[PDB]
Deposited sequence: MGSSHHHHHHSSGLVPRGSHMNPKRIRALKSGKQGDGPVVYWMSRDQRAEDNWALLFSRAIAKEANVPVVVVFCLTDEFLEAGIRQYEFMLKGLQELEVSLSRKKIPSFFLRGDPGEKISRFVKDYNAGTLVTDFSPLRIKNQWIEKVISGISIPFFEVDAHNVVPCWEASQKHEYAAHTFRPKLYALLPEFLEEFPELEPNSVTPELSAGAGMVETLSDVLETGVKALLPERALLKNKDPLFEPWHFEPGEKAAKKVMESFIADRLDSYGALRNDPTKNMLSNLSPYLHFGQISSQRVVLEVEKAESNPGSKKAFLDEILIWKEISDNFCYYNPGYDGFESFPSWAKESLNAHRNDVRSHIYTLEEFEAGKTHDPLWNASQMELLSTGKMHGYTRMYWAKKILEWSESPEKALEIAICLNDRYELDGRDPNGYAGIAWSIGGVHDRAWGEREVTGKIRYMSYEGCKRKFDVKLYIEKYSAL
């Protein structure tokens, strides 16, 4: 569909049809940004070829009721900033409320749209909406991967067992799919309040707020400023100050040596391709660049691969055969501790290290990457069943992580509990052959006491 700096492998057709004489509609769901967005860039190119304007539509669903105010405010503030950014480029943005399968189909007919484009997400609920829209529209429907550097359907045609099998496939396609982004051209032709939906949503989620003993909210909203501009500042400071020591200190939660980009990456407020572009050009420690590029390229995009080819990604069925046989054999082992969902959520376990990891999650909304493995693994050790641990870990991860409800969350929890993208280890009680992590193992790798005291 036209374009010079435009790889057609990034786009794929979801429904054929006659191209109408109306504007091109970019159904924005996962990549909530204006810059470095192929889906918006593909939409603009199609609109330019048909001499029609491009418009952006965003449907706010009832899914926010399953999470907290921390995610709702982070997303909505960025949407307000994005609204002004698209206005400066003469691109109007429409915000609907309701079921996307019903609202997008009504919007496509009332607005007389000619072409429908959306960004890619391997989540189950995104696929259900697409099927409902396909059955309710008669215009062409395209789908652009704006979240991965190499399109998810292109990087592999099957579920990848581990990273060392997916790594050569991804890095071979980098010289083709790693490139600069063209500027978003403004519109030539021109043709609900987000402040009201913020107040309405906040009031709804107020009774479910995480509070301390004295009714004070646990969440500290100053650690991450939401928005496209604020995302770029974080990436700049990571390259300048932290990328040099990332390789040595990534597994030390006492040092803030991570990139902190996951909240922005999840909501799409910054493109992972942009970060990789800048990281590649940066002159820093060769070991740290390789370690960082491995996380944001290999392990990020294999989480999309995991969820795209396994629709039961959030279930015990998705675990490999050896892990399922190992976890089943130990179902009758006596657990040294059994905690309920309520006890885990309030950080009332016997392990001060686990409790502190939970307190980082409750208060900041971003648990450290190393402690997240220890966090989910201990849930498996102190729960009734592998199913209950998966359910509890997914519940606490989506409710409280800013980067939650993400394919990284499900694949990461799958790695911790079911050994997805991992291998077998020493046979143990309860967890079987799943990789084990101990408090004493953390003590020799980082100052565990300093971490505990920072979060009570």
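- According to the record, the deposited residues with no C-alpha atom in the structure span 1-15, 207-215, 481-482.
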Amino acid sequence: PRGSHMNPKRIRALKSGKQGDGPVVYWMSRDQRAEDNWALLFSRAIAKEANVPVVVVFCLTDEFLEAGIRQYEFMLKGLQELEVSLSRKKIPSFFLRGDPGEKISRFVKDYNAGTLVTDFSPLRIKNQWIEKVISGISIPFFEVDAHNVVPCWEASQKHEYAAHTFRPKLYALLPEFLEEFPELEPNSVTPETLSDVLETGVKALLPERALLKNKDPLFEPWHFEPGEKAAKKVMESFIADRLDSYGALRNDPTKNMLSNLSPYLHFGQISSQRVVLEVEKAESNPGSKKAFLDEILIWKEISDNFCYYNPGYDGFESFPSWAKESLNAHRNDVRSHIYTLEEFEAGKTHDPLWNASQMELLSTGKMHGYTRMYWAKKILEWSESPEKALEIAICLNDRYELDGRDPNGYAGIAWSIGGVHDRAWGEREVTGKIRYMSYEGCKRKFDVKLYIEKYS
From here on, numbers count along this sequence of modelled residues.
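- The PDB entry records a higher mean C-alpha B factor for 106-114 than for its counterpart among 106-114 and 75-83.
- According to the PDB record, 25-33 carries the higher mean C-alpha B-factor of the two stretches 25-33 and 402-410.
- Of the candidates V52, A67, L390, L40, the PDB record gives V52 the highest C-alpha temperature factor.
- Among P386, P217, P186, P151, the highest C-alpha B-factor in the deposited entry belongs to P186.
- For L178, the recorded CA B-factor ranks within the middle third of the chain. Only modelled residues enter the ranking.
- For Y264, the recorded CA B-factor ranks within the lowest third of the chain. Only modelled residues enter the ranking.
- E343 sits in the highest third of its chain by CA B factor, as recorded in the PDB entry.
- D333: CA B factor in the highest third of modelled residues in this chain (values from the PDB entry).
- Per-chain ranking of the deposited C-alpha B factor places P226 in the lowest third.
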